[PDB]
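See structure below.
Residue numbers (the entry's author numbering): 1 to 120.
Okay, here's the thing in C-alpha coordinates:
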(Lines of atoms letter the chains of each structure in order from A; the text may use other names.)
(Lines give C-alpha, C1' and ligand atoms only; values in the text may rest on other atoms or scores of the structure.)
Protein backbone atom coordinates (compact mmCIF):
# COMPACT_ATOMS: atom_id res chain seq x y z
CA UNK A 1 0.00 0.00 0.00
CA UNK A 2 3.14 2.20 -0.32
CA UNK A 3 2.58 5.49 -2.19
CA UNK A 4 5.97 5.20 -3.95
CA UNK A 5 5.15 1.66 -5.12
CA UNK A 6 1.88 2.83 -6.70
CA UNK A 7 3.77 5.66 -8.42
CA UNK A 8 6.25 3.21 -10.01
CA UNK A 9 3.45 0.86 -11.09
CA UNK A 10 1.32 3.78 -12.33
CA UNK A 11 4.16 5.17 -14.49
CA UNK A 12 5.10 1.70 -15.82
CA UNK A 13 1.45 0.86 -16.54
CA UNK A 14 1.01 4.22 -18.30
CA UNK A 15 3.83 3.52 -20.80
CA UNK A 16 3.67 -0.26 -20.24
CA UNK A 17 7.36 -0.27 -19.29
CA UNK A 18 8.95 -3.31 -17.54
CA UNK A 19 8.03 -3.32 -13.84
CA UNK A 20 10.87 -5.75 -13.04
CA UNK A 21 13.39 -3.02 -13.96
CA UNK A 22 14.59 -1.07 -10.92
CA UNK A 23 15.53 2.60 -11.31
CA UNK A 24 18.20 4.67 -9.51
CA UNK A 25 17.00 7.06 -6.80
CA UNK A 26 18.78 10.42 -6.53
CA UNK A 27 18.36 12.58 -3.41
CA UNK A 28 18.92 16.32 -3.98
CA UNK A 29 17.50 19.53 -2.47
CA UNK A 30 15.52 21.70 -4.90
CA UNK A 31 13.18 24.70 -4.68
CA UNK A 32 9.49 23.99 -5.38
CA UNK A 33 9.23 27.17 -7.50
CA UNK A 34 12.30 26.16 -9.57
CA UNK A 35 10.72 22.76 -10.33
CA UNK A 36 6.93 23.10 -9.91
CA UNK A 37 5.33 25.78 -12.16
CA UNK A 38 4.48 29.26 -10.85
CA UNK A 39 0.82 28.33 -11.50
CA UNK A 40 0.82 26.16 -8.35
CA UNK A 41 3.44 28.35 -6.62
CA UNK A 42 2.20 31.83 -7.60
CA UNK A 43 2.18 32.94 -3.93
CA UNK A 44 1.77 29.63 -2.04
CA UNK A 45 3.94 28.95 1.03
CA UNK A 46 6.11 26.67 -1.15
CA UNK A 47 7.43 29.91 -2.67
CA UNK A 48 11.16 29.77 -1.86
CA UNK A 49 10.98 26.53 0.17
CA UNK A 50 13.62 23.82 -0.23
CA UNK A 51 11.80 20.50 -0.68
CA UNK A 52 13.67 17.19 -0.92
CA UNK A 53 12.92 15.83 -4.40
CA UNK A 54 13.74 12.18 -5.18
CA UNK A 55 14.29 11.89 -8.95
CA UNK A 56 14.55 8.38 -10.43
CA UNK A 57 16.39 7.67 -13.70
CA UNK A 58 16.69 4.32 -15.50
CA UNK A 59 17.22 2.98 -19.04
CA UNK A 60 13.45 2.83 -19.68
CA UNK A 61 12.84 6.31 -18.19
CA UNK A 62 15.82 7.79 -20.08
CA UNK A 63 14.74 6.15 -23.37
CA UNK A 64 11.15 7.40 -22.97
CA UNK A 65 12.59 10.78 -21.88
CA UNK A 66 10.50 10.71 -18.68
CA UNK A 67 11.74 12.34 -15.45
CA UNK A 68 9.62 11.14 -12.47
CA UNK A 69 10.19 12.61 -8.99
CA UNK A 70 8.57 12.77 -5.53
CA UNK A 71 8.48 15.92 -3.37
CA UNK A 72 8.48 15.61 0.41
CA UNK A 73 9.27 17.81 3.42
CA UNK A 74 10.42 16.52 6.83
CA UNK A 75 9.68 12.87 5.93
CA UNK A 76 6.23 13.84 4.61
CA UNK A 77 4.82 13.58 1.08
CA UNK A 78 3.92 17.02 -0.31
CA UNK A 79 3.31 16.29 -4.00
CA UNK A 80 4.11 13.79 -6.78
CA UNK A 81 4.55 14.28 -10.54
CA UNK A 82 6.62 13.41 -13.62
CA UNK A 83 7.60 15.14 -16.88
CA UNK A 84 6.76 13.39 -20.16
CA UNK A 85 8.24 13.91 -23.64
CA UNK A 86 5.62 16.61 -24.32
CA UNK A 87 7.22 18.50 -21.39
CA UNK A 88 3.67 18.42 -19.97
CA UNK A 89 3.57 18.29 -16.16
CA UNK A 90 1.55 15.33 -14.86
CA UNK A 91 0.32 15.63 -11.26
CA UNK A 92 -0.97 12.41 -9.64
CA UNK A 93 -1.05 13.69 -6.03
CA UNK A 94 -0.97 17.33 -4.88
CA UNK A 95 -0.85 18.11 -1.15
CA UNK A 96 0.22 21.54 0.10
CA UNK A 97 1.71 22.01 3.59
CA UNK A 98 -1.49 23.66 4.88
CA UNK A 99 -4.35 21.96 2.96
CA UNK A 100 -4.46 19.83 -0.25
CA UNK A 101 -5.99 21.34 -3.42
CA UNK A 102 -6.18 18.39 -5.85
CA UNK A 103 -6.32 14.76 -4.72
CA UNK A 104 -7.96 12.13 -6.96
CA UNK A 105 -7.25 8.45 -6.23
CA UNK A 106 -8.67 7.47 -9.65
CA UNK A 107 -6.04 9.56 -11.46
CA UNK A 108 -3.32 8.17 -9.19
CA UNK A 109 -4.29 4.55 -10.02
CA UNK A 110 -5.56 5.60 -13.48
CA UNK A 111 -9.38 5.70 -13.52
CA UNK A 112 -11.22 3.89 -16.31
CA UNK A 113 -12.23 5.66 -19.54
CA UNK A 114 -15.87 5.67 -18.36
CA UNK A 115 -17.68 5.11 -15.04
CA UNK A 116 -20.81 7.28 -15.44
CA UNK A 117 -23.00 4.21 -16.06
CA UNK A 118 -22.43 0.45 -15.71
CA UNK A 119 -25.67 -0.91 -14.17
CA UNK A 120 -27.34 -1.00 -17.62
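The C-beta atom is built at its ideal place from N, Cα and C for all residues, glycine as well.
CB of residue i within 8 Å of CB of residue j, strictly
| i | j | result |
| --- | --- | --- |
| residue 10 | residue 109 | yes |
| residue 129 | residue 80 | Past the boundaries of the shown model lies residue 129; the chain is included only from 1 to 120, so the question cannot be answered. |
| residue 54 | residue 33 | no |
| residue 100 | residue 107 | no |
| residue 7 | residue 92 | yes |
| residue 4 | residue 70 | yes |
| residue 58 | residue 15 | no |
Contacts around residue i, its chain only, beta-carbon distance under 7 Å, and the 5 residues preceding and following it disregarded
| i | result |
| --- | --- |
| residue 29 | 50, 52 |
Limits of the unbroken beta strand (DSSP E) element including residue i
| i | result |
| --- | --- |
| residue 73 | Where residue 73 is concerned, there is no enclosing beta strand (DSSP E), given that its DSSP letter is neither H nor E. |
Beta bridge counterpart(s) of residue i as assigned by DSSP
| i | result |
| --- | --- |
| residue 68 | 82 |
| residue 89 | 83 |
| residue 97 | According to DSSP, residue 97 bridges with nothing at all. |
Contacting residues, own chain, Cβ-Cβ under 6 Å from residue i (five flanking each side not counted)
| i | result |
| --- | --- |
| residue 102 | 94 |
| residue 97 | 45 |
| residue 17 | 60 |
| residue 19 | 12 |
Residue nearest to residue i in terms of C-alpha spacing, selected from the options
| i | options | result |
| --- | --- | --- |
| residue 23 | 56, 119, 63 | 56 |
| residue 67 | 73, 85, 74, 78 | 85 |
| residue 27 | 1, 38, 75, 13 | 75 |
| residue 1 | 105, 118, 43 | 105 |
Endpoints, alpha helix (DSSP H) assigned at residue i
| i | result |
| --- | --- |
| residue 24 | Looking at the DSSP string, residue 24 is not in any alpha helix (DSSP H); the run it does join, the beta strand (DSSP E), is 24-31. |
Neighbourhood of residue i by C-beta distance below 8 Å, restricted to the same chain and skipping five residues each side
| i | result |
| --- | --- |
| residue 31 | 48, 49, 50, 51 |
| residue 73 | 49, 51, 52, 97 |
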